[PDB]
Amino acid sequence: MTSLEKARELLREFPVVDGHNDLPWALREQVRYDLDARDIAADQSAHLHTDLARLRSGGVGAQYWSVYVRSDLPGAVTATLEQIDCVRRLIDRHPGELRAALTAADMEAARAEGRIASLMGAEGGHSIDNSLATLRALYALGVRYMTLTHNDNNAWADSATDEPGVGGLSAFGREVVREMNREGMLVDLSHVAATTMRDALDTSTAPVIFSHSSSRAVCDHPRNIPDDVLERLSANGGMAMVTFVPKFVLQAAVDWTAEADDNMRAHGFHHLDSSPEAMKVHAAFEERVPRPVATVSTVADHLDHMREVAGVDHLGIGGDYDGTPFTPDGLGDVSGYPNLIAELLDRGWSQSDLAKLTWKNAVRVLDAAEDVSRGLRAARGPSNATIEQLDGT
């Protein structure tokens, strides 16, 4: 059979656990959670990267649904609860296809019965409003990882896409990591500064993840992971879940985006300005310099290098579907994963290598978080510390 046919067979046995899909945010923004208007039991290819049929075609067997909310708007906690509610409603609406999963055992139970294990991951520490009790509430509602920052610093952690702030994790930041370890919530180091990565690895007693990051050595962008951090994963036990975002994985796309941003500033606009006037400027740039397009090969280049440095036991996949408007050719929506698996087969990846990449590593890592949590919950009570106590007024 072809490598694509083989890929599909492999995925039927050991499907993809995807680390980060922003369907809930997409539903919030497109239709304010009017789920009938974007029914994922129907074909949503006109509007979304994700629906149930494409998840099945893509060989997705578990999904961490992102409950991302903006850090630059008030009411992050309320919005996070709305995102969690959206995930809950999706699970309730589609019991034939989705099964809530809170544990590694739940993931295996879902796989045994042919339903997509549906987990939740919060994207940014602003979702807890500097409150450890709020962190515990999110865990109680089903959140199983939290990215420590999004694109901006918060009071206790530095983001890769912001200026240096506290220098990594503050004292309170370390306390958040300790509490995540005690609860069994995975520490997610996507988005954070390299300093923050190192501080989190120093502090964490549980395996950490990167829910959607690729390799900085392969493509130098702050959203990607440095080799020295990848090297620490085998000791930590965690895993890096490669992402598909073109401007992170393809050199030409990083360079293009930098030039686009420079061009915006040359016209007196902030690079993130979305006014009609700014859009006209950007359109003119893209007119004279077409947007480069990444491929499956681009993503495989990251996995090859990440495998070499981090090890096959420390890799996963986090596509960022519905979180980015642009995708590599061959990975245009959630149905694309078999194309990546086929490319890896062609590059000599073994069947057991690929079962680790898709399924086994993610289940091991969540089980490890549970194991560490059992020990810590037995050893001490929850923390009552405040950010003022630990970081000062």
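Each residue number is its position in the shown sequence, starting from 1.
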As the entry reports it, the stretch among 212 to 220 and 139 to 147 with higher mean C-alpha B factor is 212 to 220
Assert higher mean C-alpha B factor (367 to 375 or 380 to 388, deposited values) equals 380 to 388
Comparing C-alpha B-factors across 171, 201, 258, 157 in this entry, the winner is 258
Comparing C-alpha B-factors across 197, 264, 206, 241 in this entry, the winner is 264
Binned into thirds over the chain's modelled residues, the C-alpha B-factor of residue 362 lands in the lowest
Residue 332: CA B-factor among chain residues, third -> middle
Split the chain's modelled residues into thirds by Cα B-factor; residue 314 lands in the lowest
Residue 121: C-alpha B-factor third of its chain, per the entry, is the lowest
Chain thirds by Cα B factor, record data; residue 303 belongs to the middle
